[PDB]
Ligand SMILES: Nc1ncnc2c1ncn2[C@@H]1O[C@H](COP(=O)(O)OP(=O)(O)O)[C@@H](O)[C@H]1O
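In the block that follows, a single chain appears as structure tokens, in the form deposited without the named molecule.
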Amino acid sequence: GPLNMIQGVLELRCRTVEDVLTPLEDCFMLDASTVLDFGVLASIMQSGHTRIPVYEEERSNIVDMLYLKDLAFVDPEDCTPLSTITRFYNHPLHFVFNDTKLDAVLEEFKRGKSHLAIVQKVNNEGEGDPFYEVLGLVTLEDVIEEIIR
């Protein structure tokens, strides 16, 4: 009970974002080339997510992020691409390195920042120049449930 969640909040100080993330393959994401028809809009409805990433030509290249309020007066009658809405509003992207402690990015979430965080890790594993690999997404709910479970 309350004890288990005490060990939860105390274990926040050790566990990294990489232990709680969800890989890109399993994340619900939107291509910037999609058009807000009845089908996709309905998918966003029944997605259970209010902030959805918008990528360009590759799940790894996350360009912007679509909030549920952006769809306020959008009608599928006009075949409206979501990229237009992407340049309508400007919600800033929040990035986080894989080995960030959960307490920290928690305090980042509480410090105003968006409840969604794109997770990156440096990849020297190759003879080319180091680069940032996108592992996946981590959200407030992931951490909260990391303490209440």
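Don't overthink the numbering: it's just position in the shown sequence, from 1. The term rigid core refers to the maximal set of C-alpha atoms that superpose within 1.5 Å between the two forms.
- Remark: when the other structures in 4 other deposited structures of this protein are fitted onto this one via the rigid core, 105-113 deviates more than the alternative among 105-113 and 64-72, judged by RMS CA distance.
- Of the two segments 76-84 and 95-103, the one whose CA positions lie farther from the displayed form in 4 other deposited structures of this protein, once all are superposed on the rigid core, is 76-84.
- Per-stretch averaging of Cα B factors for 38-46 and 77-85 places 77-85 on top.
- When the C-alpha B-factors of 122-130 and 10-18 are averaged, 122-130 comes out higher.
- Among the modelled residues of the chain, residue 112 sits in the highest third by CA temperature factor in this PDB entry.
- Remark: residue 101 belongs to the lowest third of its chain, ranked by C-alpha B-factor as recorded.
- Per the PDB record, residue ranking by Cα B-factor puts residue 51 in the lowest third of the chain.
- Ranked against the other modelled residues of its chain, the C-alpha B-factor of residue 32 as given in the entry falls in the middle third.
- The deposited CA B-factor of residue 59 belongs to the highest third of values across its chain.
Just so you know, the form deposited with the named molecule bound exists too; it's not on screen, but the next bit is about it.
- Just one listed stretch, out of 114-122, 91-99, 34-42, 77-85, contacts the named molecule in the deposited complex at the 4.5 Å heavy atom level, and that stretch is 114-122.
- Mapping the unseen interface onto this chain, residue 62 falls outside it, with no heavy atom inside 4.5 Å of the named molecule in the deposited complex.
- In the deposited complex, the named molecule sits within 4.5 Å of a heavy atom of residue 141.
- Although the partner is absent from this view, residue 28 contacts the named molecule in the deposited complex, with a non-hydrogen atom inside 4.5 angstroms.
- Contact between residue 16 and the named molecule in the deposited complex is not found at the 4.5 Å heavy atom cutoff.
- Residues of 42-79 lying near the named molecule in the deposited complex, listed in sequence order, are 48, 49, 50, 51, 52, 53, the criterion being any heavy atom within 4.5 Å.
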